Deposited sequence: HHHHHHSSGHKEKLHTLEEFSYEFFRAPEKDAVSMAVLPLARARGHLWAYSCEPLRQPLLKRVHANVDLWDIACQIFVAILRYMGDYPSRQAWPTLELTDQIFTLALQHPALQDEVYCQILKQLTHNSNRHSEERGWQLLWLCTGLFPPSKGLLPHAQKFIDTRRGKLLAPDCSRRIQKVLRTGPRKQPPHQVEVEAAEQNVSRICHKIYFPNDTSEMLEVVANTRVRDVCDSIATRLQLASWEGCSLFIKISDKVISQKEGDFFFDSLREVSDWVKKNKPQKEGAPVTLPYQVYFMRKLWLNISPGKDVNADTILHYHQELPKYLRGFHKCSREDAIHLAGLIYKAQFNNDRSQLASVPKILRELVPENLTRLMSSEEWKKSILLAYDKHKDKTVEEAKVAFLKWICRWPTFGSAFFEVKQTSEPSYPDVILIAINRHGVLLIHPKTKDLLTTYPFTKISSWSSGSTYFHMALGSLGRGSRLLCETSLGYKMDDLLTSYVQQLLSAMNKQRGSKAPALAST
């Protein structure tokens, strides 16, 4: 009957775990005594608020396993510390408390009811308004991670239903409904989740960055999946489709892609834990980016919004690094389009702005003409776009380069030791055609390894290898290559 909303018309007695305890809680410790030993006071109910730490698990099923006793007791202390009912001279960071409360319960589903019972116990006959407020914050965190069992659920629902007047109570009840639909979380609450709980705020917005130097605030809940955020981003930006687009975490010297069917807050913690371990207590700053990952079946003009927000600002810095094989004539034609996309009608910035040529011409082709020469040729190419919009210019830029073999690729400047036929330092490109090998001086295609022909690939922190002929690369970017190759290979319908 959790699928039901119950009513009587009036306020019912506040529901406790007293009746539940009689069957599922273990025997309460009643009272050999010595007059020298201290009294050891506060002999209240086991199912009601106690400022005294536990010594045995509350539940029979957790008490029946001696290995679970230590975890149960450590959970209760972190519960006490969190709620401000413990002598805490040592001010523990709230995340160390919340990790200690929920981490092992995600691992051992026996502890899941134990966590619920300990929070509900602490919310029963609690005369402290600070502690009660904090207790509701933990229950709120809990309902977003795992639900109570079949036997516990009716009691937990009635506990919330008889206290509907509590600020976070309607949300706790709604959250139990959601975690039953979408399943439990893999990670304990995140920094963001915990900071919103602490402020008694039940709505979270996370900032997402776009390649066009913009950002949006996206609404996220405990059960939000990485794909759900993309669906929201695609509605926001008005993209026809986000197929081939993914979210990325820019953290440390890494740009790590997020798995679509992973919970957003699970994905955040998993990546940070990976990064934290691969670097040798303070939290790691990060940015969340939405970008195109796989450039398969991209047709400029079909989705103008994706073209002007994503594709242009993604292709632009690659072209400027001079990764493509292009002429002085292509550079003049494209620099006029790049000028129009950025300055629109302001014609004077080409003379005014110093080092502007860096923003308009590939770094390799810069030496072909003098400063005044590029300026003269670019103005003439630009004047041809007076009746175009900034958006038209961005789509024209793309239409002209979209058929290029190196268009929509990820570039890696590795050190190869495999074939002495090729130069020492080489440029690798992963795109729709496969793994492309390019000469850095003359941008000629050395070889193309299609996906159908690749057998295996491995990467460490110091390298990347491939097999068919065997390719050896010395790079720190191995993780991104490994990931992009696996992702491209995995595209099968």
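Exercise. Deposited sequence versus model: which ranges have no CA atoms?
Worked result: Deposited residues absent from the model fall in 32, 282 to 286, 475 to 480, 506 to 522.
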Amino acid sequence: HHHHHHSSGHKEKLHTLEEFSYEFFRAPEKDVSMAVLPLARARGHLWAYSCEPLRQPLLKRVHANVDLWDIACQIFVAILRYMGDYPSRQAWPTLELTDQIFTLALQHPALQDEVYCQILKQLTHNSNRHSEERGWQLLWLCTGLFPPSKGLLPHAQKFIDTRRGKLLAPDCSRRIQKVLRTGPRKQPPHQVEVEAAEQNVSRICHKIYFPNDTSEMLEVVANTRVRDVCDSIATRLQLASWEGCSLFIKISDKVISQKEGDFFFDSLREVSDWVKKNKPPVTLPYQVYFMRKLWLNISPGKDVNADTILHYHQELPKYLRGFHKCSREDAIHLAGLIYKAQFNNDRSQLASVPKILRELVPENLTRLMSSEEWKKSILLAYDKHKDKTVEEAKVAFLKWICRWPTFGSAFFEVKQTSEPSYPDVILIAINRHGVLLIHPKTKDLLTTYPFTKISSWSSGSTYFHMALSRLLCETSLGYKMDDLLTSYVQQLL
From here on, numbers count along this sequence of modelled residues.
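Problem set entry | Mean temperature factor over C-alpha atoms, higher-scoring stretch between 358 to 366 and 285 to 293 | For C-alpha atoms only, the mean B-factor is higher in 358 to 366.
Problem set entry | Stretch with the higher entry mean CA B-factor, where the candidates are 35 to 43 and 50 to 58 | It is 35 to 43.
For this session: Just grab whichever of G151, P423, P188, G135 has the top CA B-factor as deposited.
Result: Comparing C-alpha B-factors across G151, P423, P188, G135, the maximum falls on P423.
Exercise. From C205, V194, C326, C245, can you pick the one with the highest C-alpha B factor in the entry?
Worked result: It is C326.
Problem set entry | Within-chain third of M481 by Cα B-factor, per the entry | For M481, whose C-alpha B-factor we compare with every modelled residue in the chain, the answer is the middle third.
Problem set entry | Where the record places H5 (Cα B-factor, split into thirds across the chain) | Answer is lowest: the recorded C-alpha B-factor places it there.
For this session: Report the third (lowest, middle or highest) to which the CA temperature factor of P211 belongs, ranking only the modelled residues of the same chain.
Result: Answer is lowest: the recorded C-alpha B-factor places it there.
Problem set entry | Ranked against its chain, the third holding the CA B-factor of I101 | Bottom third by C-alpha B-factor.
Problem set entry | Within-chain third of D330 by Cα B-factor, per the entry | As the PDB entry reports it, the C-alpha B-factor of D330 lands in the middle third of its chain.
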